[PDB]
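> This one's experimental. Sequence and coordinates below.
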Amino acid sequence: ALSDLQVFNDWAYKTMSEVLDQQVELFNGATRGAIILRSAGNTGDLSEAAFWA
Amino acid sequence: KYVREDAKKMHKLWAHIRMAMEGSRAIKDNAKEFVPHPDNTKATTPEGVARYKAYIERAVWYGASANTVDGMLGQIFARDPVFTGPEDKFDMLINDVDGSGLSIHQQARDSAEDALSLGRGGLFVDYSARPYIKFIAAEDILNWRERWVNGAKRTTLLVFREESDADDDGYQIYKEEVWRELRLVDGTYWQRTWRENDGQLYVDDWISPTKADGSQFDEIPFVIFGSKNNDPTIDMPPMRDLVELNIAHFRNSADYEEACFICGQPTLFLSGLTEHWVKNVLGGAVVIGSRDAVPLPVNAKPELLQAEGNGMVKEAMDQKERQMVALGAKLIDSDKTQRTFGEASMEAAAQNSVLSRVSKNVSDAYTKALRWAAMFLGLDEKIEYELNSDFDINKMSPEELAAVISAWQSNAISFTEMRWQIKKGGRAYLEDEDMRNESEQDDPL
Amino acid sequence: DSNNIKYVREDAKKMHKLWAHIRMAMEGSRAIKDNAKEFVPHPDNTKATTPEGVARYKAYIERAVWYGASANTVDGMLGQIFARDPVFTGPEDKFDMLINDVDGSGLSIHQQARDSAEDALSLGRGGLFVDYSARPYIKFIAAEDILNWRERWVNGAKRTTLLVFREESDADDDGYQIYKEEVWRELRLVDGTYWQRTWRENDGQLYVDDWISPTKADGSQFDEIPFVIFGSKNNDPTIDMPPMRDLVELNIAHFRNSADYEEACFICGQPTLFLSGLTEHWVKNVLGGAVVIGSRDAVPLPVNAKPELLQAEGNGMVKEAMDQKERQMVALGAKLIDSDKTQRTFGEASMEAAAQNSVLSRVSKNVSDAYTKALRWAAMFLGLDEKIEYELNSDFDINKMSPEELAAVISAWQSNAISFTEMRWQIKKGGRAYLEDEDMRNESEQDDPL
Amino acid sequence: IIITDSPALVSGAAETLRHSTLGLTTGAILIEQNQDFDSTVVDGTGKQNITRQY
Amino acid sequence: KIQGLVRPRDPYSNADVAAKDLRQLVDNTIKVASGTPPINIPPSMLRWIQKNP
């Protein structure tokens, strides 16, 4: 993969941090909507919705 | 003997120049390579590394190289570079030279600083439809060839590193790379591109770009401009010895600051003192203010000792500051010294030698890039892009105005040339066409 | 048919050391410190045998300071000789391909002329080669690459019988893989005919070309070898001594003095207490191996103890030698460095300007003649007009022209004394115009719009 | 499958040979030359013929 | 890499949590030196059969 050992713009300038080894791109379209990643806050420690039976 | 040039070993020199340009921080986090440790025995020990940290932190970085480049750019880039040819047709090249809305003048300024700092750069005119005049850093160019075919110096191969960042759904920082691959077979231009996905090099087949009419291409659309000349060979950076002087001054300043911190404060040095007298009257506490006087035993000589000035360290520091000014690099101004007007007129040519060389080199490089862009779009070829070849420009004098108009009334200078004279002299801002449109009407009176 | 294609005439072998020294002086601190053994004498070779001796020498060299006034001199002279641009007299649309890409690599003739004049200023030797592939090209051959030549008197005429030069090249193999292949060209003149062989060594095998005579567009082959040796002195095959030698010597001496000065400043520069009239008993009584020297803390000493804070004084002999060497470098008249403290009376340098810009004038005329001859050779290759010229910037100490100068030039042009093209060239010289002569004539032919 | 007869890959002999194949990612093996190539031809005298040495 | 950068905190609780430190792993690029055994190329053997040295 990327090495960037050739040029050192700065010392360890974002060159590597072994950021992660597991595939984690599984959200929204990546999971075809199966695992939807959203951003909408709600209060308390729950979120209750009611629908008819 | 010795190898050609430096055997293309300007990598460390470019790194050092970039660190010097960055400022005091880059030099200070690089003190190990610049400032030698005073003692290696300490250097191994932990008290030694603490001592070296205290030694370097107290130092002062002068930072004259950045001022040198800033002054050179200011002298080169006054008003705006002149463009010759159809301005209406090339406006969509000038305004957004590479699709970002950045004007060609600002990219020219960036390339000029790259030429002045480490003496290397690169222009790459690619076709997306709209031609794009790229700018490639010195470290990105990582291969070039000089196979001469048909008895002519030709550049056949050139590969440069091309940088980009990916905006994936997650703001996760994704650094992916592209390697453009320029080749010249039988005097014909071919290219291939690589896309890298965290180490997934997807190679593309060799392709043959063509001009608007056709006929493909005869030479690679890539020019390597340097301070010396626009040649693929590595040209020496203009500020090599300048960085050496700055680094030497920095280490001398480190020594000077250690001296100032330690021995700069005077001390009593109560010689001929007996501990019995101390415990009798001094009591382990000496009051030195002018309200109180301290008594001493027989034949004791107090004496204030402080390191004085005009030492050899500050002598060397003043010598190196003089050396920088002596070099002639427009880095600092001296209020103390004065120079008669007209004496510097003779040496103005020599002082601005690197300025003129870089100006002409970058002007030729951008002219060639514009020719290639016009070839891609099938426009006119007689286009030029000349930077300001007249440095030290100032507000032109009223007698100089009289001379300029008197010269224009005679048929020795064009109207556009006269307007460029006035504009460069800081006496007008409106375009010549606009002034003509406004002044073609009857007089107000 | 021929002897070894590489054979260095002993003069070039002798001059190789000086050329390498001058080249490395142009290089800067890096080359000098990489090869310090040749310049900076070892303070004690008895140490140099030992490993701590080589460590001492490395530490004593890395602290040195390289002035490099020679690089600045070359730059200044080059800027003065190539302020503005050289002018070309003759057909321009016909010769435009020799102007834009003089060797087929998009390098304008002005840049190549600048580089050749730079080598003339530094090493005092160069060479232009004109060959035919189709279109002719003008090559540039460095001083080191011209490795042999020959002069014969045939019919009382000094003729260059042989001139072989090593033309450096590169191999673009299938991959991106660094190969460095060389091409040697032998130029011969037999029975008044120019003959040419290339030792191609492509693929690392025998591709030596035969007896071939490049021929003009009309024919008749050639009467003289199309290769010119331009130098600081004149256009001779014989060696012209470099104009940079004495400055390089002075910079090397200043470098060694700077190394000595830096060692002295690093060692003896810091002040030192030098406590005297002391005893170990008192030291362990009070000092305890740690002396506080801040202003807020005082330290006593026993009877007849005299502290003497010592440091190396200024204006030492080393600075005196370094200063005289810098002043000598300036005295030579070279534009290496300047001094704002000094002052010069205007109008006094007007008498010595001829003597100060000597080397500049000599290299200007030499390179101008070399490029004129090369352009004539190319014209004969393509059968164009022969009376063409390439006149470098002869006038030095260039400056923006005065309103008085502008008025005088315009007055001279209106009189039948100075030509219109001459006036336009002068105006361009002083930075008062940028458009071409024909362009301005076309634009200004029309009456004033008012 | 890039193919080369590298003795570093045969890793065996006779019937106890063990051929070895290695799959790589981009930049797996990085070989950096130092741009320091020196060729020297030194001559010697004293023999029946002049000798050279590359 | 910091092994644990995510932990199941309980906002209803206030308990001590251990600390972690940033390590520093070094990369390496060894230098390999190669050469050529001395090769005899006397000119006599080549000029004896009319070949350039």
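Yes, it's here. Numbering: from 1, shown residues only, chains lettered A, B, ... in the order given.
> do you know how far the spatially most central residue of chain E is from residue D:29?
Among the residues of chain E, residue E:29 comes closest to the average C-alpha position under CA atoms, centre = their mean, at 2.4 Å. Residue E:29 sits 12 Å away from residue D:29, going by CB to CB, to the nearest Å. Bear in mind the C-beta positions are built from the backbone N, C-alpha and C, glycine included.
> and what of residue B:382?
On the measure of CB to CB, residue B:382 and residue D:29 end up 51 Å apart.
> can you pull the contacts of residue B:208?
B:188, B:189, B:190, B:216 (CB atoms under 8 Å, 6 or more residues apart in numbering or on different chains).
> again, but for residue B:295
Residue B:295 neighbours (CB under 8 Å, 6+ apart): residue B:281.
> picking up where we left off before, isn't the residue nearest to the centre of chain E up against residue D:34?
No. Residue E:29 lies out of contact with residue D:34 (CB atoms under 8 Å); the separation is 11.0 Å.
> Residue numbers of chain A in contact with chain B?
A:1-2, A:6-11, A:14, A:19, A:24-25, A:27-30, A:37 (CB under 8 Å from any CB of the partner chain).
> Could you identify the buried members of those?
In these, burial by neighbour count holds for A:7, A:30, counting by 16 or more other CB atoms under 10 Å in any protein chain shown.
> Provide the contact partners of stretch B:299-307 at residue level.
Contacts for stretch B:299-307 (CB under 8 Å, 6+ apart): B:259, B:263-273, B:294, B:296, C:271, C:273, C:303, C:307, C:309, C:311.
> one more time with 6 Å, if that's ok
Contacts to stretch B:299-307, defined as CB atoms under 6 Å, 6 or more residues apart in numbering or on different chains, come from residues B:263, B:266, B:267, B:268, B:269, B:270, B:271, B:272, B:273, C:271, C:309.
> Look up the closest residue to the second one, ignoring the ones flanking it.
This means residue B:266. residue B:306 (3.6 Å; CB to CB, 6 or more residues apart in numbering or on different chains).
> Specify the local secondary structure of the residue nearest to the spatial centre of chain B.
Among the residues of chain B, the one closest to the centroid is residue B:117, at 3.7 Å (CA atoms, centre = their mean). Assigned with DSSP: H, G, I helix; E, B strand; the rest coil, residue B:117 falls in the helix class.
> Excluding chain neighbours, what is closest to residue B:343?
residue C:344 is the one closest to residue B:343 (CB to CB, 6+ apart), at 4.9 Å.
> For residue B:407, pull up the helix or strand it's in.
When elements are assigned from DSSP states H and E, residue B:407 belongs to helix B:398-409.
> Can you identify the element that follows that helix toward the C-terminus?
helix B:415-424.
> Next, the residues that contact whichever helix or strand comes after that next one from outside, please.
Per DSSP H and E, the first helix or strand lying C-terminal to helix B:415-424 is helix B:432-439. Applying CB under 6 Å, 6+ apart, the contact partners of helix B:432-439 are B:416, B:419.
> and the helix or strand where residue B:161 lies, which strands flank it?
Secondary structure assigned from DSSP H and E places residue B:161 in strand B:157-166. Strand pairing for strand B:157-166, using DSSP bridges, gives strand B:141-144 (antiparallel), strand B:174-185 (antiparallel).
> so can I have a markdown table of those strands showing mean neighbour count?
Formatted as a markdown table, the strands paired with strand B:157-166 follow (neighbours: other CB atoms under 10 Å in any protein chain shown):
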| stretch | mean neighbour count |
| --- | --- |
| strand B:141-144 | 18 |
| strand B:174-185 | 17 |
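> which stretch among these comes nearest residue D:42?
Nearest to residue D:42 among the strands paired with strand B:157-166 is strand B:141-144; the distance by CB to CB comes to 32.9 Å.
> Extract the C-alpha set from the closest one and format it as PDB.
The C-alpha trace of strand B:141-144 is given here as PDB (Å, rounded to 0.1, in the frame of the first residue of the first chain):
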ATOM      1  CA  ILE B 141       8.400  13.900 -10.300                       C
ATOM      2  CA  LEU B 142      10.100  10.600  -9.700                       C
ATOM      3  CA  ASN B 143      11.400   9.500 -13.200                       C
ATOM      4  CA  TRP B 144      12.600  11.100 -16.400                       C
END
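> gap between it and the chain center?
From the chain centre to the centre of strand B:141-144 is a distance of 22 Å (CA atoms, centre = their mean, to the nearest Å).
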